[PDB]
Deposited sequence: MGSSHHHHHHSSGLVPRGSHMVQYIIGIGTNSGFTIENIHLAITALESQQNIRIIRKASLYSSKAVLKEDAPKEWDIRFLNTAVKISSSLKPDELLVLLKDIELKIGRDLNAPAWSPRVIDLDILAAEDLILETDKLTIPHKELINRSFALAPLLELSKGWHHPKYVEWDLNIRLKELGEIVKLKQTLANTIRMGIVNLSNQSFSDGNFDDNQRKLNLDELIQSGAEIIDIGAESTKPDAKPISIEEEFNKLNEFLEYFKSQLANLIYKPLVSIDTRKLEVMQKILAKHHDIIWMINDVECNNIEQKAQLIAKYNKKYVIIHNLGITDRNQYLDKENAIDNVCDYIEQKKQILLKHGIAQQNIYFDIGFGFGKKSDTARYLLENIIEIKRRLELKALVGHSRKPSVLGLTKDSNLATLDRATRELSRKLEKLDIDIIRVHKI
């Protein structure tokens, strides 16, 4: 049994998902235990890189572990989708054309070294036992530790484009953009964009608002410290159709509150292989239809619906935080404190305005 620090980076696709999946792959090996996972780090490539590290225990030999990693790199399907490197193994020093441990660039890459030292604050490079790596890390300079984590409970950030959020000024439409930014900085792992509050809205106009914002998102891809997973919040079948046709590459999930056309909707999610949610307003009958039309069960969440993995939407809802003249600075606090409790529980996804 040896301890290895595995470095995991990615700047392509669903970034945090690729990282979670490489970790899942390793944990699933009968001869590997996962000891600890580092924080998530952002560095610049062209899209932003997402890097972390994991400390494992394993009876694998370095070269055999090298073999496993290339395998995993091909499973996740490797702008690199996934890059896996043996960063270190205790005080092990190994030089072979095949591999070097510690990794030759460990001490040149802050996105490698920072997570390592986070996992092993007392670690010294065995080739250079006198090198205080804290000093080196700082010399390497640039590195953003994100508030997004590899926790079990992912936080979905609400981005409403409807009339509720309207404060546009003479020459600026910046509020929803500012809102996306705040959410991403405060650690939302996911973003749920919906364009309806009120007076009904057409398919064409619902589509227009969603499209303009996704195109805006895409134009910002290399400017985001973290590229969140994207959930599309609409109950209209034709909206899904058009939005998925244009933007399926950057969408992770469809979140539909009202069921009509559930048949054609599943047929659409299946073609696109996307996550689906089930809200109230039994879940079984729906599940079966979805399951029927070709929707893999794991790709589907349920929501009980204040108004199979578990999504809960409870943000700024009075009925569930104890009802409602209360200000936003108070509504969030009941959410934020109740969020902090669902995380503790198993909760897979929580939908919130503030993290």
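J.: Which parts of the deposited chain sequence are absent from the coordinates, listed in sequence order?
T.: Unmodelled stretches, in sequence order: 1-20, 66-75, 109-116, 236-239, 324-344, 371-393, 410.
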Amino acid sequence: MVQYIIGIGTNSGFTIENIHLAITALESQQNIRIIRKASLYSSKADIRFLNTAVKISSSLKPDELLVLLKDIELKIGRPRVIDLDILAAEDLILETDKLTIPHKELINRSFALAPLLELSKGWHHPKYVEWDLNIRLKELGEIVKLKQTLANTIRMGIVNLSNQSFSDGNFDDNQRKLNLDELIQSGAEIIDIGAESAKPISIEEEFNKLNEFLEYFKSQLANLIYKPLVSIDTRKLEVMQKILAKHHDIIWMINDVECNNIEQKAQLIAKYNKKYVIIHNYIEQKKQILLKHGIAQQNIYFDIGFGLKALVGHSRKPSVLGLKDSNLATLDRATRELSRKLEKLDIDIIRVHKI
From here on, numbers count along this sequence of modelled residues.
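J.: Could you check which stretch, 286-294 or 36-44, carries the larger mean CA temperature factor in the entry?
T.: Between 36-44 and 286-294, it is 286-294 that shows the higher mean C-alpha B-factor.
J.: For the stretches 339-347 and 5-13, which has the higher mean C-alpha B-factor as given in the deposited record?
T.: Higher mean C-alpha B-factor: 339-347.
J.: Compare the CA B factors listed in the entry for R176, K127, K246, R80 and report the winner.
T.: In this record, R80 carries the highest C-alpha B-factor of the candidates.
J.: I'd like to know which of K61, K70, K55, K324 has the highest C-alpha temperature factor in the PDB entry.
T.: By C-alpha B-factor in the record, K324 ranks first.
J.: By the record's CA B-factor, is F217 among the lowest, middle or highest third of residues in the chain?
T.: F217: CA B-factor falls in the lowest third of its chain.
J.: Considering every modelled residue of the chain and its Cα B-factor in the PDB entry, is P200 in the lowest, middle or highest third?
T.: For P200, the deposited C-alpha B-factor lands in the highest third.
J.: Among the modelled residues of its chain, does the C-alpha B-factor of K275 lie in the lowest, middle or highest third?
T.: It belongs to the middle third of the chain when residues are ordered by C-alpha B-factor.
J.: Consider only the C-alpha atoms of the modelled residues in this chain, order them by B-factor as the entry records it, and name the third containing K98: lowest, middle or highest.
T.: As the PDB entry reports it, the C-alpha B-factor of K98 lands in the highest third of its chain.
J.: Which third, lowest, middle or highest, does the C-alpha temperature factor of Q185 belong to within its own chain?
T.: For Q185, whose C-alpha B-factor we compare with every modelled residue in the chain, the answer is the middle third.
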